[PDB]
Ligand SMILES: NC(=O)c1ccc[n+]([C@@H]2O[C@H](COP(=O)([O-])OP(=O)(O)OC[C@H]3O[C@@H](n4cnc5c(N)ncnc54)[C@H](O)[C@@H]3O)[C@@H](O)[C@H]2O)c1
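Below you'll find only one chain, the form solved without this ligand, shown as structure tokens.
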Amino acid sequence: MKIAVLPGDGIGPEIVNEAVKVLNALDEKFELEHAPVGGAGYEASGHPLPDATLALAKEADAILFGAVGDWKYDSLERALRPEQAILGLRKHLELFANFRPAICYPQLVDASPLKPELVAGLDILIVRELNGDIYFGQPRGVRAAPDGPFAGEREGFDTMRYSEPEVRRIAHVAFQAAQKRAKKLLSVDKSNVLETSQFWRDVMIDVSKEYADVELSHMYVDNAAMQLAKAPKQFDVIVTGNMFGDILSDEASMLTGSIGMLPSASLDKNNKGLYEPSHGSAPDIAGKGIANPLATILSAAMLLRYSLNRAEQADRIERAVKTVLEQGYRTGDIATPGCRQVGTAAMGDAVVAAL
């Protein structure tokens, strides 16, 4: 079982080093191999996704990814910027199914901007389509406007599009997730205005015929933004497109109060996945030894459960995280009154000790 470890930039190495520490403390023998990605990829060989790094990711059974991006690299030309690595891995490896848990941990309820009764016990799952939508749709660019009242003027444009098989495959994923949970699926679109969205909804309804045991509901993205804020525990699984899922997953993450706890998984048709913290880069603390590693460690638990058929090992990691939280360990971002405040490495050590 081969894992490609792609730590990235800034806090990425710091946090991934702790996930690797946790993986190495398990009974099982993994083949871990590291490769540069993001700014580190540019520094090593002039591209955020070096050919050799992509090749390693393709060969592996799963990918454990840190975070990319730093101030140092913001000046590079757009195509060589660190963030292009994430997009390239998703595209080249056909990782179309993104899973974003939003969980509020009992020790950390007060961190939420919501009144505590709205978030205590929150555990919902957003499924985000990751390979299509307006984020990739052609054509796109800047042009002279070809028509309308502003014909001839400079105009920026992108094309939103979704084909039948693209909606079908992410629908099935989302229904399968709902079957294993509370058997409730909400599909989010903007079908009262967008043709792409009505098409999405039609396909979702067609797929729903195959899952008579799952209650399908639909909601417009504007109303979903409202309803996540009002009462996020009304939902269980939510499925939506690339763009709307980017916005809603991030909203849901913030409503938990602690984005440093939340992992992300991006999977292909065979459940090979890239597993990463959901939170992204943190240039203000990068390299200072204080970033929360728990999202990244929990992403390694997801990796074991969903790609490497090691659910018992995933269970052990998740139990160890619960235990360290109950023992009072907190990194700076989740510090609570009277806690044992620790940096990244000492947090990792606490998790290992609780395995």
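Numbering starts at 1 and follows the sequence shown. Each form is matched to the other, and the largest set of C-alpha atoms that superpose within 1.5 Å is called the rigid core.
Peer 1: According to the deposited model, is the average Cα temperature factor higher in 83-91 or in 149-157?
Peer 2: Taking the mean C-alpha B-factor of 83-91 and of 149-157, the larger value falls to 149-157.
Peer 1: Averaging CA B factors per stretch from the PDB record, which one is higher: 217-225 or 134-142?
Peer 2: Averaging CA B-factors over each stretch, the winner is 134-142.
Peer 1: Can you pull the Cα B-factors for 300, 308, 37, 321 from the entry and say which is highest?
Peer 2: Max CA B-factor in the entry, restricted to 300, 308, 37, 321: 308.
Peer 1: Sorting 58, 29, 47, 330 by Cα temperature factor from the record, which one lands on top?
Peer 2: Comparing C-alpha B-factors across 58, 29, 47, 330, the top value belongs to 29.
Peer 1: Splitting the chain's C-alpha B-factors into thirds, which one does residue 275 fall into?
Peer 2: Answer is lowest: the recorded C-alpha B-factor places it there.
Peer 1: Lowest, middle or highest third: where is residue 71 by C-alpha B factor in its chain?
Peer 2: It belongs to the highest third of the chain when residues are ordered by C-alpha B-factor.
Peer 1: For residue 336, return the chain-relative third of its C-alpha B-factor as stated in the PDB record: lowest, middle or highest.
Peer 2: Answer is highest: the recorded C-alpha B-factor places it there.
Peer 1: Looking at the entry's B-factor column for C-alpha atoms only, identify whether residue 125 ranks in the lowest, middle or highest third of its chain.
Peer 2: It belongs to the middle third of the chain when residues are ordered by C-alpha B-factor.
Peer 1: Rank-wise, by C-alpha B-factor, drop residue 182 into the lowest, middle or highest third of its chain.
Peer 2: Its C-alpha B-factor, which the entry lists for residue 182, ranks in the highest third among residues of this chain.
Here the subject shifts to the form deposited with this ligand bound, a form of this protein not shown in this document.
Peer 1: Superimposing the C-alphas around the site, does this ligand, as posed in the deposited bound form, end up open here or blocked, where blocked is 3 or more of its atoms within 2.4 Å of backbone or C-beta atoms?
Peer 2: If you fit this ligand onto this chain using the C-alphas around its site, the pocket comes out blocked.
Peer 1: Since exactly one of 62, 49, 297, 291 fits, which has a heavy atom within 4.5 Å of this ligand in the deposited bound form?
Peer 2: Contact check passes for 291.
Peer 1: Looking at 67, 40, 317, 304, which has any heavy atom no more than 4.5 Å from this ligand in the deposited bound form?
Peer 2: The option sitting close enough to the partner is 67.
Peer 1: Evaluate residue 195 for contact with this ligand in the deposited bound form, applying a 4.5 angstroms cut-off between non-hydrogen atoms, and reply yes or no.
Peer 2: No, residue 195 stays farther than 4.5 Å from this ligand in the deposited bound form.
Peer 1: Even though this ligand is not shown here, does residue 279 get within 4.5 Å of it in the deposited bound form, heavy atoms only?
Peer 2: Close contact exists here: in the deposited bound form, residue 279 approaches this ligand to within 4.5 Å, heavy atoms only.
Peer 1: Using a 4.5 Å heavy atom cut-off, state whether residue 90 contacts this ligand in the deposited bound form.
Peer 2: Because a heavy atom of residue 90 falls inside 4.5 Å of this ligand in the deposited bound form, the answer is yes.
Peer 1: Verify the contact flag for residue 137: yes if a non-hydrogen atom of it lies within 4.5 Å of a non-hydrogen atom of this ligand in the deposited bound form, no if not.
Peer 2: No, residue 137 sits far enough from this ligand in the deposited bound form that none of its heavy atoms falls within 4.5 Å.
Peer 1: Just to confirm the contact call: exactly one of 256-264, 236-244, 148-156, 119-127 touches this ligand in the deposited bound form at a 4.5 Å heavy atom cutoff, so which is it?
Peer 2: That would be stretch 256-264.
Peer 1: Scan 72-87 and note down the residues that get a heavy atom within 4.5 Å of this ligand in the deposited bound form; none is a fine answer too.
Peer 2: 83, 86, in sequence order.
Peer 1: I want to make sure I read this right: if the two forms are fitted on their rigid core, which of 177, 87, 255, 231 has a C-alpha displacement of 2 angstroms or more between this form and the one not shown?
Peer 2: Between the two forms, the residue that moves is 255.
Peer 1: Would you say residue 268 moves its Cα by 2 Å or more between this form and the one not shown, aligning on the core?
Peer 2: No, its C-alpha moves less than 2 Å.
Peer 1: Superposing on the rigid core, I want to see if residue 96 changes position between this form and the one not shown - specifically a Cα shift of 2 Å or more.
Peer 2: It does not reach a 2 Å shift.
Peer 1: Align both forms on the core first, then report whether residue 72 has a C-alpha shift of 2 Å or more between this form and the one not shown.
Peer 2: Residue 72: C-alpha displaced by 2 Å or more between this form and the one not shown.
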